[PDB]
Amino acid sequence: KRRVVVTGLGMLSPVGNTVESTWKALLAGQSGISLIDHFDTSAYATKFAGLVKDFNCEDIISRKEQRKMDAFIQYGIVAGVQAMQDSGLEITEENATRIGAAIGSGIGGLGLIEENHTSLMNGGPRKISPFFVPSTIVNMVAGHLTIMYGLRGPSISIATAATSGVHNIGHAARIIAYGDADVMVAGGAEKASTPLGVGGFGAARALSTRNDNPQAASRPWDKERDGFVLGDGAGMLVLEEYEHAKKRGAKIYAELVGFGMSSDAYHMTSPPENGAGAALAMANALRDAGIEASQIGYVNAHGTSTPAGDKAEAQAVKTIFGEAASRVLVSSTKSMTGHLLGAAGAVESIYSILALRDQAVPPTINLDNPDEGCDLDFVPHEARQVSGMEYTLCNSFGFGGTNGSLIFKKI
């Protein structure tokens, strides 16, 4: 029976360009949201997002390679290198075949799709870049990282909108446990802060339009919430079979013990009031880990700051946790980071792991006036110290009603 642990972490987020700088900012309640300046937002209903500040890949991706990739792939590669370096793993001819990748994105290369389509509109197909396809498609982060590191093992890329990060991490674990690999770099990357991304989610009436106070816009469970805040970045974890990790003296952050999935089978862009799908994903994760809901100390919620989405998840938590519901801590880090879409579940699994390490839980900031009739502890405003927390649970849900939950265990 093969156990899977986490031995490396990598991350770029709106609140930090490393894992520790991001975590420090989150525990401190800092918002990473700001006004967009890279495109003219005059005509846009939403004019702000969680942007990666001063992204730097100079020493990581060559000048020749950079021009062949959309920003999301650049972010994914940088975060992936961080994780691989953090793991201390040394790739060999003997090892190569047993190390792979499971990395996705919800929307992929919007910036370069826009660039190529603009070129086509202005000057015909002759103006499309030879790199159009490999520079925009979802599986290109996995492609570059395997080439960069000489990884010959399984490589997949799950694209399930906001559920991607969790699905990719979960299936990388399954792949290891099944015996198809001993190591997998897994996660997600996204850079959807573009005219189509902002304009597209805006057309769906899904984004907050609180332009006059961007840092207060993302407010999960707060009565004045008005939609999600788009965030960019990437999160990557090196997952590794347990005995393999011990034998090389790897540093072990936590163990991945449960992975649950479900489908709402309700509506393409909204959950059912019941939160029944969210509940089933959590229950499935608990059963997979062989534990009871009461053993979870902290839930890093999907909690995007939408009127209906936040309510459905609160109902699902009440359902699964029953009597214990008020004793579990639940928080949405998207209150600070915004919604990283395909990378959300990746960066959030990292938060769920660090909460175990530090026995500290980041707050849901901006929760001034919570919805009435709910007794859950959403950790409003300020980080919380926890005591003997052994398990954390990370939820990530996506358009199409696809749900995923992961459970991490301390040590």
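The numbering used is simple: start at 1 and walk along the sequence shown.
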Look over 317-325 and 97-105 in the entry and identify the one with the greater average Cα temperature factor. 317-325
Entry-level comparison of average CA B-factors, 56-64 and 376-384, reporting the higher stretch: 56-64
By the CA temperature factor listed in this entry, which of these ranks top: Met336, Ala162, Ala79, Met121? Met121
By the recorded C-alpha temperature factor, relative to the other modelled residues in its chain, which third is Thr194 in? lowest
Of the three thirds of the chain ranked by Cα temperature factor, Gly32 occupies the middle
Within-chain third of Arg126 by Cα B-factor, per the entry: highest
Of the three thirds of Cα B-factor ranks in this chain, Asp232 occupies the lowest
Within this chain's modelled residues, let me know which third the CA B factor of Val257 belongs to: lowest, middle or highest. middle
